[PDB]
Each structure stands twice: as structure tokens, then as C-alpha cells.
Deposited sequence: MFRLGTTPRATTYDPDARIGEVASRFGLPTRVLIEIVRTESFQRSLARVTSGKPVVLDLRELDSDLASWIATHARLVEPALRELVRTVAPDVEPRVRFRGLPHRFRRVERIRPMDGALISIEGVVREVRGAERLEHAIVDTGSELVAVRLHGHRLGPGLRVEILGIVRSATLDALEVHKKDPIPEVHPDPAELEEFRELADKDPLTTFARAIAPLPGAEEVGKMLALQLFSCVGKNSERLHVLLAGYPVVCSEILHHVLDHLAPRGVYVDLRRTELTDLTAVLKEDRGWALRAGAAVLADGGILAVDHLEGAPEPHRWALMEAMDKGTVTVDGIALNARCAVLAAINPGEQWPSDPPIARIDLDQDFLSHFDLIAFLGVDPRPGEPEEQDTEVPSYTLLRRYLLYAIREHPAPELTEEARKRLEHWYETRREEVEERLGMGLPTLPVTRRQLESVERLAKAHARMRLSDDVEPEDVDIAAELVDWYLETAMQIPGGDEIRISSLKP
């Protein structure tokens, strides 16, 4: 009897009567033997009632479990809610919402458990939220939406939805129009000037602009860039990119970063806890690695794994770390070529697509356009003529290097790594044009940047 259940749980009888009358509830209640949870879709109710239910979910949920327990004493009673009123979604501060059904969204910082995965901490943007998982799975670095009921500053998870590593932008017609206008113009120059507006920093800006547009899950797509200049100006650039433009990211001063602050830490203590380090938290975005000079070997190995394979590994646990590495190094005084002044081993240095030797509209719009471009054009591909343009550049440059070496002129080799970098940069520029087709024009822009890097390195 519904009235008796309502009374028992301190609910107005009408709350429970209106709930049980819903199509969502009746259909799922009939399907409960299949182990499927009973479902209440709140949109199937009066808006003020939907709101009241969300506010008082700590009361409603066990009442519903009790109702289903009557129908099926056989199985674990599970209840799900759908169609949260908008104000209960993506809650930025959970504590005032005690007792309420809510969703949070953000990046998993940490997980812990023993035999079972039990607890998580989620960075929702302004705060870190503790979560009791109740059998629901996720892992450090994952972006998630979690539906649950708040109980004393902890979210008791009801469901977990995996999300893309970067936020979704769904532009309206006016914004879509702005996007199309930006695409038609010269977005590369616009982004380049936004990033690095100082005289002489044109190529540097273009490199960093295209790096932003390489922030995608597909492993072979991401660009890694090393800035070589004075500390102050390089730090301002890294902070600027991360603060104002990056879709997602983390800044570290490598000198202040322990290896496990960079990768992840696994702690054993009456159970286990796994906490994401910087590269994992930067999954799908920019990892800004400041002060790379004298980077210790273990740190270099970690960075190389993230750069080459898009993972970090701690104790046999591989975590996604699909970050574009934006590093900075302070060289110095030596009348040797600029690249000779970089104190980093040759093998590590070759993992960067580009080295930028310094000295030789609304950010809202710019950032939202980037987010849009990445999600909408994750995988542009060479056209036939672009492939020919790329192969031609490559063969022509290899011949030139051979010739220059034959003349006794020190020159950097042009290898498969350079071919790969040009292709990545060209794909990034095609994303910047909101295109799925990489064209000869994209190859040309990419090749000019690789050539500039190769030439300036030795000048």
C-alpha cells in the first residue's frame, strides 16, 4: 500500500502516488527481475514536484527501494533517476546540497579501495568532491558526469557517465556564424597573435596555435613544442596558453615536481589509493612543463612515454596521458648554434616536433572555437594532392641536407620524425579551418614551420 509506505518514510502520499503513476516507473518496475534498476524520469512529473523530489532524494530513494523490495524480495533493489531539473546538474558546490539528488562533472583526481574500487575524489572546477562509488567504475584522469545523492559532503554515486576529455561546446546559430566567419579568415594569424603578440614572435605564435589544435585523443596527432628562451617570457607564455586558451591542461615547474607528481602515485595502506599526477590530469589538453633544464632521467622517461604513447605507467598500471607537451628551457651564453646551447640529451630532444628559439577577438570565442574544432574535426586526412605535396617537401629537403653535408655545412637531418611533424601540423591547421580534408595549403604552412625550426636551430 502506497500510503503506508509514504507515511513510513515521511513523504506526502501524493509524492509516491504520482511517482508510481509515471510511465518510466511502471515499465521498469515490470522489468525488475531482469536485474534492471527501477527508473524515475522526473520530466514525467510536475516541475515543482520534480524539484521537490530532487531536493529530498535522501527520503524518496529508500521509499522507492522499499516499494521495489515488495515486488522483488529476490534481487538487490536499485533505483535510478533521470531528467534532473537543470539547477541540480553540474553542481559547483555540493555541501549546501546535502540530502539532494545532483550531478557533478569533472576530472577524477584519485581513486581508492581494497578488494573493490570504493572511493574517488573529483575536481569539478572550483572544488574537490569526495565520492562513494558503490560498485561504479572510473579511474584517475577520466572526465565523468556522476549522478548521486549528497550525504555529509560526500556524493553517493548512483551512476557514472564517461565523458570526452574536453568540455563540449554546442554553439547557437549566432555563435556558429562567428565560428564560420573565423574559419573563412586567417584563424592561424589570429590565434598566433593572441598567444604571442610581441615583435618577432610570429613563428612561435603559429607553432603554439597549431599545437592547441592538435589536442586530440588519437595518439599520433598531438604536437610537442619546446620553447627555448629567457625564464620570465617563457613562463608568461606557458601560463597564458593554459589560462586563456587551452581546452584542458596543467602547469608544472619541473624543478618543483616529484616524479609521482608528474605521473601518478600508488600508495599501499590497509588498501590502495591511486592519485593522478600532472600528465594524467592534462589528458586531452596541454601539459605545460616549465624549466626543463637538467630534467632528471626518470622525469625524461615519463615525459617520453606521455609524448610517444600518450600514457604514464606506475607499477604496471597504464593511465591515459594524451597531452600535448609545451615545455620551456632556459639555455644561455657559447657561439655555438642555438640547438647546441640546449643542455638536454639528443634522444629526449628529438621527441619534440618543434623547438621555438625565442629572439631567433575575445578569448571566450577563441577557446570555444578551439573546443568546437577539436570535437568536430578529430581526424582530418590528407587529400591526394596534399599527400603529394608532403612527399615532395620531404624528398626535396632530404636531398638538400645530403647536398649541404656534402659541402661541409653542419645541418640537422630531415628524418621520418620531421615528416611526421609536418603531417601533424598540417592536420592541426585543417582543424583550424574546421575541415576534415588536409590540403596542400595546410602542408605548406606546416612545412614552413618545420623548416624555420630546422634552420634557426643551426643559424
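Note: segments 1 to 17, 351 to 352, 380 to 393, 493 to 506 of the deposited sequence have no C-alpha coordinates in the structure.
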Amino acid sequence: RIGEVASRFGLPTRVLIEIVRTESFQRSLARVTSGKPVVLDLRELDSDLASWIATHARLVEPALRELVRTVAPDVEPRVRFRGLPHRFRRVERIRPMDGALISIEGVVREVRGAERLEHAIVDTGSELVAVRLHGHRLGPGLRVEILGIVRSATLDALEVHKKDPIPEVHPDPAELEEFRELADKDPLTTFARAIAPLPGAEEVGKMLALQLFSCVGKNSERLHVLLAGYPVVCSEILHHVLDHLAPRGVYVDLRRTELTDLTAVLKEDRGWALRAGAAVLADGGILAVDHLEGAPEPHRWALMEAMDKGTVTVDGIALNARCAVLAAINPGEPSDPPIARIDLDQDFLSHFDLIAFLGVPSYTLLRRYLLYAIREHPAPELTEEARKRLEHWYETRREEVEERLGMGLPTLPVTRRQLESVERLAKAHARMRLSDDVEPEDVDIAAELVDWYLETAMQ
From here on, numbers count along this sequence of modelled residues.
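Averaged over Cα atoms, the B-factor as recorded in the entry is higher for 84 to 92 than for the other of 84 to 92 and 298 to 306. Checked against the record, the higher mean CA B factor of 65 to 73 and 412 to 420 lies with 65 to 73. Taking the deposited Cα B-factors for 109, 368, 375, 267, the highest one is held by 267.
Comparing the listed residues 263, 211, 220, 189, the entry records the largest Cα B-factor for 220.
Among all modelled residues in this chain, the alpha-carbon of residue 206 has a temperature factor (C-alpha) in the lowest third.
Residue 36 sits in the highest third of its chain by CA B factor, as recorded in the PDB entry. Residue 272: CA B factor lies in the highest third for its chain, per the PDB record. Sort the chain's modelled residues by C-alpha temperature factor and residue 124 lands in the middle third, per the entry. Split the chain's modelled residues into thirds by C-alpha temperature factor. Residue 247 is in the lowest one.
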